[PDB]
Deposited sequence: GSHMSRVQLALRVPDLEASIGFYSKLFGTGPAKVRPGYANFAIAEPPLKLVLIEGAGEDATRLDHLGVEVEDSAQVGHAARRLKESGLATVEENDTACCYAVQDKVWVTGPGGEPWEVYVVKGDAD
C-alpha cells in the first residue's frame, strides 16, 4: 500500500476569506464545504488542508496536524512503530500522538 500525505488543519478567524485565499493559492476549489469547516485535497503539493472556523480568535492558528494514509493496515504499522520508538500513543483505525510542545498529531486513513 504505502503512500501518504500531510494533513494541515488551520484554525481560521475568517473561513469564507480563507476558502477564497486557499483556492487561489493552490489553484483548486475546496473538495468539501460545511458551516464552520472546509477541506482541500491538493495533488501538488500533496496535502490535505483543513480550514476550521474559529470566530473567537483574531489570527490564524495551527489547529492540528496529521498523516493521512491509504488503509488501516498502514495505520497499524505506524502505530506499532511509534510505540516501539517510546512515544506515548493512543490507538483506536486511528492513532494520536502529541509533540513535546503540545502540537497534536493523528495518523488516520482517508
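Missing C-alpha coordinates mark the following deposited-sequence intervals, in order: 1, 94 to 103, 122 to 126.
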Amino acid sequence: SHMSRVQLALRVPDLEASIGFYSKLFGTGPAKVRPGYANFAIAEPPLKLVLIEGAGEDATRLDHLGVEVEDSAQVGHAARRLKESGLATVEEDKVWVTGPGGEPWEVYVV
From here on, numbers count along this sequence of modelled residues.
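For clarity, a rigid core is taken as the largest C-alpha set superposing within 1.5 Å between two forms.
Fitting each structure in 5 other deposited structures of this protein onto the rigid core and averaging C-alpha distances over structures and residues, 53 to 61 emerges as the more displaced of 53 to 61 and 39 to 47. Greater C-alpha displacement in 5 other deposited structures of this protein (rigid core superposition, RMS over structures and residues), of 93 to 101 versus 19 to 27: 93 to 101. Taking only CA atoms, the mean B-factor in the PDB entry is higher for 77 to 85 than for the other of 77 to 85 and 31 to 39. When the CA B factors of the chain's modelled residues are split into thirds, the value for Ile52 lands in the middle one.
In this PDB entry, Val6 carries a Cα temperature factor that places it within the lowest third of its chain's modelled residues.
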